[PDB]
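1. Experimental coordinates follow, after the sequence.
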Amino acid sequence: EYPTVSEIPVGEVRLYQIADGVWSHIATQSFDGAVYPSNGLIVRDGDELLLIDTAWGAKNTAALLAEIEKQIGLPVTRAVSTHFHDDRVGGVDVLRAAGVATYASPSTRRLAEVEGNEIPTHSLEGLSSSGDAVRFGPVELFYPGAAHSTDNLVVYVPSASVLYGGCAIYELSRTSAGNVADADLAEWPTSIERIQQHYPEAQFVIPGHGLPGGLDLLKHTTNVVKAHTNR
Ligand SMILES: CC(C)Cc1sc(N)nc1C(=O)O
Ligand SMILES: [Zn+2]
Ligand SMILES: [Zn+2]
């Protein structure tokens, strides 16, 4: 059963097997007086592991590495952060210290710096324009355009038809907007439609926060976003 927010004390990290060689990682952290769960991805990359997003903070990200070592036992050699917020780059300094090469797009690295957040070391080329996709080991990185943030990326695992939507995709049970200070509400539905067109074969869809679903989460997120804008 996929772990829920109340089952994960702040500071602990769970791994969840999605498919052969594909895991989500789930952690918890406080934001504006409440604790929320947060997802990222782990993908086998030959004899190495590719990490998608930190576990939202240095302490959680340290627990993430320890849980990977305990449960999987292959080295995390690269990490991609899918936008500049703390649930994605919070913990980059820990990863770097542990020997992980950290990556993000130029926009993400720039926005992280502006915001005073941790900054991934290496720039990802080829993601500057809505609709751009690049291969990165066992995954494809896709920039769908502005949504939850102007820089948000999504990640697809072809070997397993896993789409990691990050914070641009909402879980089914989430019905209000939330952390949209940095969003482009008007562009968010268009960006989601690019995701639908590019990954129509996605079997598992992982939101940035909450329970995994299918492509139904895409239409679901667009409804929520609109409702926020309507009023
Ligand atoms: C209601 C919460 C999940 C809002 C939060 S907290 C956090 N770190 N991210 C978000 C988001 O909207 O992506
Ligand atoms: Zn965010
Ligand atoms: Zn988030």
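-> Yep, it's here. Residues are numbered from 1 along each chain as shown. Ligands and ions are numbered 1, 2, ... in the order given.

2. show me where the protein has strands.
-> 14-19, 22-31, 34-45, 48-52, 76-80, 101-104, 122-123, 133-136, 139-142, 154-157, 162-166, 204-207 (DSSP state E).

3. Just want the angle from the longest one to strand 14-19.
-> What that stands for is strand 34-45. For strand 34-45 against strand 14-19, the angle by axes from the mean of the first three to the mean of the last three CA atoms, to 10 degrees is 50 degrees.

4. what lines up beside strand 34-45 in the sheet?
-> Sheet pairing for strand 34-45, assigned by DSSP bridges, gives strand 22-31 (antiparallel), strand 48-52 (antiparallel).

5. Might one say that residue 51 is in contact with residue 24?
-> No: using CB atoms under 8 Å, residue 51 makes no contact with residue 24, being 11.3 Å away. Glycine gets a C-beta too; all of them are placed from N, C-alpha and C.

6. Spatially, and excluding backbone neighbours, which residue is closest to the one residue in the chain that gets nearest to ligand 3.
-> Going by CB to the ion, ligand 3 is nearest to residue 167 of the chain, at 3.7 Å. Nearest residue to residue 167, sequence neighbours excluded (CB to CB, 6 or more residues apart in numbering): residue 208, at 3.5 Å.

7. residues contacting that neighbour?
-> 38-39, 82, 87, 148, 165-169 (CB atoms under 8 Å, 6 or more residues apart in numbering).
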